[PDB]
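Residues per chain, in single letters:
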Amino acid sequence: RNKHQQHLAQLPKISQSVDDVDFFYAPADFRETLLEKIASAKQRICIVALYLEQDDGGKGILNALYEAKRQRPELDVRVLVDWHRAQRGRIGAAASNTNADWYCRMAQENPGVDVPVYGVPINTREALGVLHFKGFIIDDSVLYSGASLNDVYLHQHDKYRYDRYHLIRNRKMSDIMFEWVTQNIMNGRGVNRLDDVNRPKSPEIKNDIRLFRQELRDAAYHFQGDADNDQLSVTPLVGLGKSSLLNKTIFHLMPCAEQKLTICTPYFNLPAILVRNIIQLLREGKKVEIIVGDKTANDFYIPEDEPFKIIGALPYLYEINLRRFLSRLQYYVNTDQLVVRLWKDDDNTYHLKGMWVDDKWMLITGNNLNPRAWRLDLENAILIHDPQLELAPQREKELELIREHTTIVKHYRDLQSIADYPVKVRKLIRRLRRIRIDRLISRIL
Amino acid sequence: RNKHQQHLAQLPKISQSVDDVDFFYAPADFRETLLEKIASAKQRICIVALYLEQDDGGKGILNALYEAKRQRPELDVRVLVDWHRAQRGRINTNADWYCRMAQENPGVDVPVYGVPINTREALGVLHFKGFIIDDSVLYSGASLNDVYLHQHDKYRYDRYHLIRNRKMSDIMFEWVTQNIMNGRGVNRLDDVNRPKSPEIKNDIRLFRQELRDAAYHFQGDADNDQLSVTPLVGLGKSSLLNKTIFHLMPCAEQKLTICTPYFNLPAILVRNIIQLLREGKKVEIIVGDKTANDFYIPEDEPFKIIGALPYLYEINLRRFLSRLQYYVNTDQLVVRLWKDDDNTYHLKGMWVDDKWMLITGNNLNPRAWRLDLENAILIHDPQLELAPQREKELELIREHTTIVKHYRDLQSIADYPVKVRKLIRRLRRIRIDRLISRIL
Amino acid sequence: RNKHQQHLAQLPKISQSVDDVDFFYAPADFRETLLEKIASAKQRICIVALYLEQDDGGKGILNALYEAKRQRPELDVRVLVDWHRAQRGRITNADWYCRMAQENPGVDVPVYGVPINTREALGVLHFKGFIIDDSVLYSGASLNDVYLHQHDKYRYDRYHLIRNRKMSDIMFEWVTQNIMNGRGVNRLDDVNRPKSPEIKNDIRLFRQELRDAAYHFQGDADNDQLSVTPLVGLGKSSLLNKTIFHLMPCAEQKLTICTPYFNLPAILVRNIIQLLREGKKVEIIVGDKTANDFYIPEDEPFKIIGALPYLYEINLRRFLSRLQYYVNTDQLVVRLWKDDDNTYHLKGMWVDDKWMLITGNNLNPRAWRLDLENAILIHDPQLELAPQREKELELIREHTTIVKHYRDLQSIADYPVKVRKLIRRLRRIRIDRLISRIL
Amino acid sequence: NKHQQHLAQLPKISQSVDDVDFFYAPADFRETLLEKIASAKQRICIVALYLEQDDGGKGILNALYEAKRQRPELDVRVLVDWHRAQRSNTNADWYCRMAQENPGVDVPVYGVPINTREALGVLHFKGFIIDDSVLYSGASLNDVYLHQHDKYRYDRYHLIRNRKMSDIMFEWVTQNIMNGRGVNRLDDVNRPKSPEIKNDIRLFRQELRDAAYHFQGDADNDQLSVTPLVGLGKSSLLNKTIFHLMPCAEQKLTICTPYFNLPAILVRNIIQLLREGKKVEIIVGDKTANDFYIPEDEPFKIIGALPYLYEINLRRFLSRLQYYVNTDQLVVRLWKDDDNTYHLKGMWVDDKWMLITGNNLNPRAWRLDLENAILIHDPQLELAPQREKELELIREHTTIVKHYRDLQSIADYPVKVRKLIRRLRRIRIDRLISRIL
């Protein structure tokens with residue numbers, strides 16, 4: 001076998017029953033499933049998310065957690081979110097009380113009921129590392145989504161943020177992930193409770209975070225494979241930095257496409273190494289599908305009527321990336337090998353991640369497949385190997401619905417050029433490219 | 001509550017008996033108390049100081065340490081001083097002397113460790129303070145030499161508090177053990193073969209980073225209605241100490257009092273002072289006269305470059321007062337100059353109304369805020385149980401003070417001796433005055 | 001008018017008679033014309049070239065110079081070449097210039113070396129012009145076997161004779177004052193000529209003097225008549241570079257470019273893309289990799305330098321790749337020149353039927369910052385040179401293939417193994433980008 | 001003084017005089033290696049810079065396969081430099097063939113990358129660990145190092161039987177190298193290419209920067225001892241020990257190095273010794289005994305300038321210290337034996353200390369490469385017969401240089417060499433070269 005298939009063949013793999021894999025296709029279903037599993041949990045609930053917001057959606061979840069712990073005080077309930085994100089407003093907000101302040105109030109308003117909220121700092125400053133580990137571990141199941149917990153991710157109140165949602169019942173995998181979180185994160189240096197009113201400030205734990213990050217640089221799942229390559233399997237993956245096992249698996253996965261590779265990413269900003277792989281596939285005569293958001297389906301996009309702000313330039317920069325890429329590969333568009341899809345559904349937002357390799361592999365991940373995710377953030381995934389096509393109904397239904405709100409881009413010219421952009425945007429971008437800062441921006445966001 | 005009181009309300013606090021807090025008001029009493037506690041120590045003696053001098057005063061202390069260890073060989077005796085300071089004269093070293101002492105007293109184990117807080121003295125010194133003896137901490141800003149201990153008729157005024165408290169002393173003893181004594185780049189000064197600074201340069205860099213977020217970790221056992229003590233330690237701008245000093249000042253409902261030897265407040269503390277004055281509160285600032293500074297050189301003697309520092313601190317005070325003369329006039333801002341013949345002034349601390357007392361080694365200058373390893377104890381006395389002692393201490397501090405009623409009462413550069421005047425004009429020409437105020 | 005046309009409208013321009021502009025279409029004709037003009041020169045001969053080679057071709061020229069000076073000792077004969085290039089083999093001439101001077105006593109034919117920078121790689125003499133009395137015979141060609149089509153193999157350049165008293169004076173006088181009498185210029189026919197390190201500081205000061213040396217003359221011609229405008233430059237903000245930049249957008253119909261080494265600076269590429277967007281036409285005539293003088297046949301032993309033609313091809317293929325849409329609409333036309341193992345050295349710019357830039361400028365980052373470059377800008381608003389312009393382009397194109405698709409150009413995968421390995425090594429560490437800024 | 005203190009307080013493993021065997025010739029070393037491979041019962045760990053696809057190297061690899069066939073429970077490992085092994089048909093390609101032609105027999109060959117590119121770090125760790133012994137030489141495994149086929153490369157050869165030391169070294173290799181990030185099998189046809197593991201190597205190198213032997217000293221300074229040492233970078237324990245070792249010479253310091261290119265700090269030490277009135281002996285190869293030397297008849301190549309550059313270094317050094325040559329304090333020896341090559345490393349401090357090492361004592365070894373050594377302390381002179389016999393034979397093919405002028409100057413060098421060197425010194429690249437080779 002070639003070195004890429006060898007890498008995948010020799011991945012440790014946990015066996016998996018087809019009956020124990022449930023897909024969900026809409027953020028509202030995901031909300032309800034999460035609540036249902038919280039109610040019916042008997043042993044443990046481990047909620048890892050980027051953030052858990054002080055809004056109707058997030059309240060719903062935290063209240064359901066307190067309620068489940070009240071009814072079963074022996075239940076092991078933990079919430080882990082990003083340290084930095086939990087201690088600030090959203091970008092350029094009027095700004096108010098933070099999530100961490102709210103986690104404190106909740107703990108005081110519910111004495112006796114023990115629902116600890118830990119802040120994980122992946123780096124000393126947010127811009128240099130965030131907690132992109134994903135997983136709701138409930139007893140022997142993992143409900144895995146890219147979604148954080150807020151109004152739009154949960155489709156409270158009429159506007160939504162599109163993600164993917166998979167429930168996987170598997171004792172061994174959930175144990176491995178629960179145990180990995182316990183040892184490496186929860187009991188890690190520089191993790192600190194956010195429900196403590198006296199929680200340290202970032203500068204005070206700066207050195208703890210540095211040592212923590214180094215500990216994480218080679219923390220990996222350790223378990224023995226129980227499944228061969230002829231049966232349905234799942235392989236949990238985790239990584240921080242360029243040489244993580246996750247990153248290596250993503251790298252090797254792409255060339256194993258004998259027919260077609262499909263990619264979702266919210267922000268089109270692939271590292272060069274993944275681009276080179278894409279081009280190799282196209283040269284080998286294979287197919288590559290790339291599903292990204294329209295600029296207007298980006299959560300930083302500011303309507304052209306409203307007052308423009310600096311941050312509302314990001315969707316434009318991602319479009320410029322897409323247009324540059326397509327430009328170079330228009331030949332392959334024409335041969336129906338390269339297919340680029342733009343998702344758009346009124347003013348809802350796009351947050352799909354993942355990778356399909358033929359009909360046999362499905363990577364579900366929190367990984368945005370950008371330079372940030374490749375070096376800076378703590379990322380994880382589950383790799384589903386389905387050599388017998390047992391998930392084919394669900395795989396196909398999921399792709400059906402993902403594509404439903406998509407336009408195919410048949411020509412790079414169908415994408416607006418900088419000339420077509422609003423005036424403030426146009427001036428900003430020209431200023432940035434003059435001094436070459438566009439390249440820096442694409443490596444930090 | 002406002003965010004400042006909230007910070008203080010939520011500080012972990014160790015309970016404290018009023019009977020177990022003893023003030024001393026004079027450097028001589030402090031000397032004798034130190035010797036007494038060294039004699040009667042049963043378990044441990046941990047002496048942390050900036051330096052321990054090869055003079056009558058310092059000898060007294062080191063001899064008392066050797067003597068106590070001879071009489072009780074199971075006693076855990078340690079001395080920690082600044083690495084760089086111990087290996088130079090003022091502007092045959094102490095470290096050389098520590099070596100002789102160890103050779104002249106074989107069998108008796110009194111280790112003297114040098115702590116380097118940075119690779120060069122100018123970029124970090126050991127301003128951690130504390131004599132930990134069994135279950136007590138005798139806390140002063142004083143190093144151990146002739147003047148600090150008032151050997152031989154001339155003295156250096158500091159503050160002196162003995163606090164008997166098992167938990168606090170344990171926390172401080174244990175913190176020193178783990179972070180300093182067993183830290184990288186700490187090296188024995190009683191070893192004749194001790195490395196030279198360049199050889200341990202990388203060790204010191206790693207050490208300093210370890211220190212950047214080393215803090216006391218302990219659970220509070222006391223509420224805000226009872227007498228409490230809270231040990232604090234820090235290195236650099238965002239330490240818990242620095243934050244507590246920052247939040248402490250605005251909690252003054254009536255009056256804030258500050259001692260500092262060298263008037264050279266960082267901007268952030270100045271802004272706080274001005275806010276208090278604007279809110280209609282009172283602010284008392286007790287500093288030394290230029291002549292009570294230890295770098296001051298009488299005008300008869302040969303002038304040296306270093307003897308310009310007291311003048312620079314006066315210029316700072318005069319500039320500050322100048323801007324706030326309105327508040328002087330309303331009897332809100334009170335500036336006191338301490339002066340007692342040619343004795344020297346080394347008072348540090350912060351009083352918030354009648355309720356809080358910060359005792360510290362912190363000179364409240366930019367150096368202490370970024371570069372040096374600093375610590376303190378925060379006494380919360382919500383019931384006024386220390387009121388007799390607090391008032392007696394302030395009584396005696398003020399006794400040798402003049403109140404400055406007008407910034408003009410302070411000499412201007414024009415009034416200074418000629419060599420000084422020329423030096424200062426040269427410095428301000430090239431703007432080095434601003435740099436000096438950030439490194440001393 | 002837009003700022004680009006304004007720049008051109010306000011250029012000083014010297015008037016020019018259509019009868020006094022003669023094109024030549026082949027390197028052999030150029031050789032013979034040069035010899036003819038050397039024989040018949042009456043007042044001055046100023047030969048500026050990158051180099052004058054110690055070969056049959058170069059000998060021919062130097063001998064013709066000595067001979068003309070013998071027959072007219074009052075004739076002012078000067079030869080200026082690059083200081084560094086004259087004192088090395090290909091990857092010396094100065095030694096040969098010394099012998100010549102000794103073997104011809106009494107006859108004064110001075111050969112000066114111009115150092116444009118302290119090291120060759122940081123500046124060469126790309127000034128061009130044979131100034132003979134009141135004429136300039138202007139070519140990109142140096143003087144050697146192939147440039148002059150001695151002995152059966154040739155190097156294709158362009159050749160224009162322009163009789164014009166004022167222009168030739170301006171150029172002759174500019175050379176006199178700024179180069180010949182410049183610091184750090186040194187005779188190469190002197191056996192005792194200094195070594196580069198000894199004049200290092202002279203060269204630094206010289207280069208700074210050159211950084212703002214420009215032609216100064218009053219325009220005598222409007223924009224409704226045939227004109228010529230001499231241009232000269234060193235570094236990013238030279239008047240030449242500005243004129244090249246402004247020239248391209250004035251194409252109302254079509255821009256044509258010749259360059260030997262396809263390696264356009266980004267700013268000129270952006271212009272090209274703007275033209276294509278405005279719906280105009282752009283023609284680009286470059287050499288096939290095999291028509292490059294560094295190309296080594298695949299049978300022979302490969303050498304490191306024989307990777308350059310490949311690097312230029314990679315540049316062309318990357319460019320075409322991004323603009324394939326415009327190829328398809330017949331707007332963008334890329335031509336590869338190739339004629340057995342002869343080599344390609346065409347430079348210039350055509351703006352519609354109205355402007356013709358003839359230059360030594362390779363239109364690359366090197367020429368834009370490092371080298372001393374010059375040109376003549378011919379403005380022909382009345383189409384008086386149309387017969388010759390069209391005949392010249394006819395013959396240039398004759399040995400060309402049109403590239404209809406970027407895929408028609410070989411990719412790195414198709415290259416020989418040693419080449420392939422070298423290029424992959426270079427791109428790994430990103431040195432390909434540096435190379436493109438120094439060659 | 002602080003130097004003796006450093007040495008006094010080194011942890012030291014005790015050692016029996018009976019369990020130290022010297023060998024004096026590359027052929028004996030070959031045969032000893034083969035003998036110990038045959039008779040190994042528990043483990044064979046072969047660490048070398050490279051193992052060549054030639055008669056000499058084949059001999060060794062075949063002996064390894066053969067021993068593993070006859071005792072499948074035997075723990076056989078080969079570790080070589082990652083980059084060196086992969087430069088048409090490479091050693092790594094050959095290691096692959098060998099593994100395919102010998103199925104069932106498990107002889108893993110791992111490539112250690114000490115840096116992302118060869119020029120910035122190589123595996124200069126040395127040691128053949130066989131059961132409870134270490135056969136320690138600077139030699140890699142090829143024709144000349146093993147004196148197959150009539151031409152040889154002179155190195156040093158010591159067998160030290162010592163359970164504890166061999167365990168420490170075997171265990172250190174296991175944990176830090178074999179199980180280290182970015183170590184990769186060279187007998188795998190699908191082995192990654194350097195760029196793919198670039199980040200692994202960076203993290204690996206940082207792990208190595210403070211990997212050191214950890215063990216408790218069992219021996220005082222009045223008895224025969226050995227102290228294994230290992231290091232990467234300026235502040236390694238090895239480098240510190242080499243630095244402190246030199247000033248402890250009460251009488252004389254002896255140094256072997258193949259390429260005379262001492263760091264300034266070691267030069268300063270040398271000068272101090274000479275000033276204190278002590279003796280310093282330096283044994284290097286003649287330019288012609290360097291393996292990059294190209295005879296003047298053959299076609300010159302750029303790399304064949306290195307022996308000349310090392311000579312220029314030696315001549316510059318001697319020039320400055322000619323006074324001490326004259327007082328018979330400083331003694332410089334040039335080794336030369338027809339067209340055989342010189343690869344001696346080590347340090348003798350009086351009659352009491354012997355450093356055996358792979359360390360070329362140059363700036364490269366001081367910062368870039370993974371180096372190790374064994375430090376033998378012999379305060380009772382128990383190894384005196386062997387020490388003296390070894391030095392006897394080392395010196396046998398040596399000329400003493402009595403005057404710096406006896407060394408050729410740049411003017412005397414062949415023309416292509418002369419032009420190259422003048423070009424290099426013009427732009428000051430000579431100084432850079434001396435820090436990377």
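Per the PDB record, this model was obtained through X-ray crystallography at a reported resolution of 2.83 Å.

Undergrad: Any chance you could explain the arrangement of the chains here in plain terms?
TA: There are 5 pairs of chains in contact here; the most contacts are made by chains A and D. In this assembly chain B lies apart from chain C, the nearest approach of their C-alpha atoms being 31 Å.

Undergrad: Help me understand the interface of chain C and chain A, please; the structure alone is not making it clear to me.
TA: How big an interface is tends to be stated in terms of the accessible area lost upon association of its parts. With 11 residues of chain C at the contact, the number on the chain A side is 11 residues. Between chain C and chain A, a total of about 950 Å² is buried, with carbon and sulfur atoms accounting for 31% of that surface. For chain C, the biggest contributors to the area lost against chain A are C:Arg322, C:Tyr325 and C:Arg407; these three give 44% of the whole. Linking chain C with chain A are 0 salt bridges, by the criterion used here. In this assembly, chain C and chain A are joined by 4 residue pairs in polar contact. Elements with a contribution of two residues or more to the side of chain C that touches chain A: α10 (308-322), α11 (324-328) and α15 (431-438) of chain C. The element that contributes the greatest number of residues to the side of chain C that touches chain A is α10(C), accounting for 3 residues. Of the residues in the side of chain C that touches chain A, the class split is 3 nonpolar, 2 polar and 6 charged.

Undergrad: When you look at the UniProt feature "active site" in chain B in this model, what are you seeing that I'm missing?
TA: Residue and element names in this part refer to chain B. Look at the UniProt record and you will see "active site" annotated at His127, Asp158, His346 and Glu374. Position of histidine 127 relative to the elements: it lies in strand β6 (residues 126-127). Here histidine 127 falls in the buried class, since its relative accessible area comes to 10%. Judged by its relative accessible area of 6%, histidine 346 is buried. Leaving out residues up to four positions away in the same chain, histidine 346 has contacts with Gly141, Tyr148, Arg156, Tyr157, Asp158, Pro261, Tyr262 and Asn363.

Undergrad: Would you mind going over the UniProt feature "domain: PLD phosphodiesterase" in chain A with me for this structure?
TA: Taken from the UniProt record, the annotation "domain: PLD phosphodiesterase" applies to residues 21-218 and 233-445 of chain A. Annotated as residues 233-445 of chain A, this span is 37% helix and 23% strand, and its ends, taken at the C-alpha atoms, are 33 Å apart.

Undergrad: Explain the interface of chain D and chain A to me, please; I cannot follow it from the model alone.
TA: Contacts between the two partners involve 10 residues from chain D and, on the opposite side, 9 residues from chain A. Of all residues in chain D, the largest losses of buried area upon contact with chain A belong to D:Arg181, D:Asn190 and D:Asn199, amounting jointly to 50% of the total for that side. Here chain D is connected to chain A by 2 salt bridges. Between D:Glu196 and A:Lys3 there is a salt bridge, with the nearest N and O atoms lying 3.5 Å from each other. For the interface between chain D and chain A, the tally reads 4 residue pairs in polar contact. For the side of chain D that touches chain A, the per-class residue count stands at 1 nonpolar, 2 polar and 7 charged.

Undergrad: Which parts of the structure should I look at to understand helix α14 (residues 417-428) of chain C?
TA: Within an α-helix, residues lying three or four positions from one another point in the same direction, as the helix has 3.6 residues per turn. All names here are of chain C. Here α14 is 12 residues long and its end C-alpha atoms lie 16 Å apart, about the 16 Å a rise of 1.5 Å per residue gives. For α14, the elements touching its buried residues are α10 and α15. Immediately downstream of α14, the backbone of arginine 430 shows phi near 75°, a positive value.

Undergrad: Is there a simple way to explain the sheet that holds strand β3 (residues 44-48) of chain C in this structure?
TA: Sheet strands pair via backbone hydrogen bonds, and the direction of the pair is either parallel or antiparallel. Residues and elements named next belong to chain C. Spatially, 8 strands are ordered β2-β10-β8-β7-β3-β4-β5-β11 in an open sheet, and the strand pairing comes out mixed. The sheet is open, and its two edges are formed by β2 (21-24) and β11 (186-187), each paired on a single side. Both strand β4 (residues 76-82) and strand β5 (residues 111-114) contribute to a ladder of 4 bridges, which runs parallel. Along β5, the bridge assignment pairs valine 79 with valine 111.

Undergrad: Help me out: how do you make sense of the environment of B:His84 in this one?
TA: All names here are of chain B. Turning to its location among the elements, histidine 84 is positioned in the loop between β4 (76-82) and α4 (94-103). Residue class for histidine 84 comes out buried when judged on its relative accessible area of 10%. On a C-alpha basis, the gap between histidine 84 and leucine 50 in space is 9.8 Å, while along the polypeptide they are 34 residues apart. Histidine 84 has contacts with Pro116, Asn118, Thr119, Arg120, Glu121 and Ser197, leaving out every residue within four places of it along the chain.

Undergrad: Even after reading the chapter, I still don't get the pairing of strand β7 (residues 135-138) of chain A, so can you show me in this structure?
TA: Where a strand is regular, its side chains alternate between the two sheet faces. All names here are of chain A. Here β7 shows no split at all, with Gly135 and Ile137 on one side and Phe136 and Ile138 on the other all buried. Both strand β3 (residues 44-48) and β7 contribute to a ladder of 4 bridges, which runs antiparallel. If you follow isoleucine 45 over to β7, its bridge partner there is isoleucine 138. Sheet analysis places β7 next to strand β8 (residues 141-145), joined by 3 bridges and oriented antiparallel. When the sheet's bridge partners are listed, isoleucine 137 is paired in β8 with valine 142. Between β7 and β8, which pair antiparallel and follow one another directly, the connecting turn spans 2 residues, one of which, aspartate 139, has a positive phi of 60°.

Undergrad: Just checking my understanding: could you explain the packing of helix α2 (residues 26-39) of chain D against helix α3 (residues 55-70) of chain D for this structure?
TA: Helix packing geometry: the angle between the two helix axes and the distance between the axes. Residue and element names in this part refer to chain D. Relative to each other, α2 and α3 sit at 15°, their axes nearing to 9 Å. As far as their axial angle goes, α3 and α2 are roughly parallel. Between α2 and α3 lies a crossing whose hand is right-handed. Of α3, the residues touching α2 (which contributes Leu33, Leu34 and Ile37) are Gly59, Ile60, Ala63, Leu64 and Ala67.

Undergrad: For this particular structure, what's the right way to read the pairing of strand β3 (residues 44-48) of chain B?
TA: Residues and elements named next belong to chain B. Of all 5 residues that make up β3, 5 are buried, and the element is covered over most of its length. Going residue by residue along β3, you find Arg44, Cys46 and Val48 tucked away on one face and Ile45 and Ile47 tucked away on the opposite face as well. Two elements, β3 and β4, share 5 bridges in a ladder whose sense is parallel. Across the sheet, the residue bridging to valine 48 is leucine 80, located in β4. For the crossover that starts at β3, traverses helix α3 (residues 56-71) and ends in the parallel β4, the hand is right-handed.

Undergrad: Explain the sheet that holds strand β8 (residues 133-137) of chain D here, please?
TA: All names here are of chain D. Taken in spatial order, the 8 strands line up as β2-β10-β8-β7-β3-β4-β5-β11 in an open sheet, and their pairing is mixed. Two strands close off the open sheet at either side, each with one partner strand: β2 (20-23) and β11 (184-185). Examined bridge by bridge, β8 and strand β10 (residues 157-161) share 5 bridges and lie antiparallel to one another. Note on β10: the bridge partner recorded for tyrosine 136 is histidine 158.

Cut-off values and rules
- Residues numbered from 1 in each chain as written, not as in the entry; some residues may be left out.
- Chains lettered and ligands numbered in written order.
- Part of a larger assembly, values for the part shown.
- Heavy atoms only, no water.
- Contact = heavy atoms within 4.5 Å.
- Buried area = accessible area lost by both parts, 1.4 Å probe.
- Salt bridge = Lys/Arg side-chain N within 4 Å of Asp/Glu carboxyl O.
- Polar contact = N/O pair within 3.5 Å; in protein donor to acceptor, adjacent residues only side chain to side chain.
- Helix = DSSP H or I, 4+ residues; strand = E, 2+ residues; numbered from the N terminus.
- Nonpolar A, V, L, I, M, F, W, Y, C, P; charged D, E, K, R; others polar.
- UniProt positions renumbered as here; feature names shortened; annotations may be inferred.
- Buried < 20%, exposed > 50% of the residue type's maximum accessible area, 1.4 Å probe, protein only.
- Expected span 1.5 Å × (residues − 1).
- Pairing = 2+ DSSP bridges.
- Axes fitted to C-alpha atoms, helices over the stretch in contact; angles between N-to-C directions.
- Parallel < 35°, antiparallel > 145°, perpendicular 65-115°, else oblique.
- Left-handed = near helix turned anticlockwise from the far one by under 90°.
- Right-handed = clockwise from strand over helix to strand, strands pointing away.

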